[PDB]
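Step one of this worksheet: look at the structure below.
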């Protein structure tokens with residue numbers, strides 16, 4: 001029962017969250033977790049192997065992936081799972097790639113049976129391991145998520161909390177009202193039922209895709225997403241109202257628990273900064289002006305980099321309408337003013353710098369913070385690495401909520417630790433997001449094969465012809481013709497084909513924020529609020 005994991009440089013982080021994440025599964029816990037690394041253990045991490053619980057469930061060994069001897073040493077053939085991982089923080093982005101993909105070969109070579117899981121930084125290199133079971137592609141998803149953050153707010157936090165397992169352990173703390181409800185719906189998760197019948201499957205065999213998600217909210221509060229035909233094993237998002245269900249067809253759905261167990265311009269502008277251009281941003285821009293998107297509401301976008309745009313970028317981006325070049329980092333008031341940050345709306349920054357660990361995320365925290373104070377009417381987004389530092393973001397001399405959050409997060413991390421990082425103000429605002437937070441996706445994938453593919457289709461990225469786009473709709477005074485969320489759901493999908501998932505809320509102390517995923521459909525709605533719906537009409 002030996003599980004394999006390989007990495008170039010371990011750190012408390014990657015390990016920890018893996019571990020804490022990995023044994024979160026009741027089903028598969030007992031395994032020997034195998035660690036392969038060239039360099040010695042640090043004085044910190046080597047301390048977490050000595051703890052009474054993780055001692056004999058974690059095997060650590062010194063060695064590489066290339067030599068055949070040390071592969072033997074791990075008992076690969078016997079081993080039930082093989083994981084390769086990439087270091088995040090490094091001097092060279094382009095080299096790390098080589099390291100990984102290489103490892104992939106050697107492992108595949110050695111034992112071409114076992115599943116194979118791996119991370120890849122640059123999109124360009126995706127092409128090389130297409131042969132592997134499952135592959136998580138960093139940049140494409142990074143830029144994608146953050147990109148969709150410019151249509152609806154807090155795109156990020158939504159997805160993250162989806163892919164994180166919890167019991168609703170965190171909703172019972174009863175400090176307040178919102179948070180009570182906020183955390184409650186955290187444990188919320190996506191699940192797999194297809195086969196036979198169960199509490200939810202039979203209800204409608206013969207009616208459409210739509211009528212299913214209606215009366216699923218009535219009995220249980222489950223809301224399905226998409227049906228894989230048994231034919232091509234292609235996944236669909238929100239099949240149109242024309243599609244039908246069978247007795248054997250795939251149901252993907254969300255619930256809190258598994259079914260079995262219970263030059264001047266016009267519109268708002270957006271400004272992006274990054275270290276270097278790459279095949280990365282080509283995909284940043286895809287979702288912005290797509291097909292489904294209108295030519296009225298487009299958001300012309302300005303690119304601000306440190307280094308001059310490279311040649312390929314030019315041939316790559318000249319297709320689209322509406323973008324330009326401006327240069328300089330985010331330091332100078334002036335470098336930002338030339339662009340019209342004032343006229344503009346949302347701020348996008350993705351940066352980094354090549355001793356202590358969490359620290360290396362500093363260079364950005366700072367540049368940003370200033371902006372919080374320069375423009376109180378302004379909204380911004382950000383990317384760190386270490387999912388510890390989050391709350392260190394937008395902080396005020398005196399806040400009762402913002403400071404009193406500390407005690408609440410500790411009070412979670414001490415009972416049991418999965419998500420310590422939810423409650424924090426800016427995080428739930430979507431103003432914050434991080435890299436290794438989606439990394440969880442990979443670990444969890446081992447138990448769920450529909451977990452990765454589902455994601456891309458949500459964003460942008462992969463479209464097999466039947467599919468749908470994730471869109472949002474503000475709530476206003478004529479929608480208040482509707483009382484609540486359930487009364488909404490049933491008058492919503494009786495006109496067009498759209499399914500809701502979560503919601504969004506705001507109160508005062510500018511102002512605060514929320515995301516509630518699949519709330520019981522009894523819950524009310526204010527004036528300023530937002531909901532995440534899926535709309536498919538590319539194809540009739």
Practice task
Please label the shape of the stretch 125-194 as rounded, prolate or oblate, based on the square roots a ≥ b ≥ c of the eigenvalues of the alpha-carbon gyration tensor (a/c under 1.5 means rounded; beyond that, a/b larger than b/c means prolate, else oblate).
Solution key: oblate
Problem - Cα convex hull of the stretch 2-132 - mean projected area over all directions, nm² - result: 8.3 nm²
Practice task
First obtain the Kirkwood hydrodynamic radius of the stretch 400-509 from its Cα pairs, then insert it into the Stokes-Einstein equation at 4 °C and 1.567 mPa s, and state the resulting D in µm² per second as a whole number.
Solution key: 72 µm²/s
Practice task
Please give the calculated 222 nm ellipticity per residue for the chain, where each DSSP H segment of at least 4 residues contributes -39500 (n - 2.57) and the sum is spread over every residue; nearest 500 deg cm²/dmol?
Solution key: -8000 deg cm²/dmol
Problem - Relative contact order %, the stretch 2-132, counting alpha carbon pairs below 8 Å whose residues are six or more apart - result: 27 percent
Exercise for the section: Using the number of other C-beta atoms within 10 angstrom as an exposure proxy, rank 220, 485 with the fewest first. Expected result: 220, 485
Exercise for the section: Between the alpha-carbon centers of the stretch 1-55 and the stretch 203-259, tell me the distance in whole angstrom. Expected result: 38 Å
Problem - Relative exposure of 462, 30, judged by other C-beta atoms within 10 Å (fewest first) - result: 30, 462
Completion exercise
Semi-axes (Å, rounded, descending) of the ellipsoid equivalent to the stretch 202-301 per its C-alpha gyration tensor are 39, 16, 16
Completion exercise
Fewest-first ordering of 455, 155 by Cβ atoms within 10 Å yields 455, 155
Completion exercise
Quick shape check on the chain: root eigenvalues a ≥ b ≥ c of the Cα gyration tensor, a/c under 1.5 is rounded, otherwise prolate if a/b tops b/c, else oblate, and it reads rounded
Practice task
Measure out, as a whole number of angstrom, how far apart the alpha-carbon centroids of the stretch 386-446 and the stretch 486-540 sit.
Solution key: 24 Å
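Virtual Cβ from ideal backbone geometry, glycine too; neighbours counted across all protein chains shown. Read the figures in this text as sums done on the coordinates, not as results from a lab.
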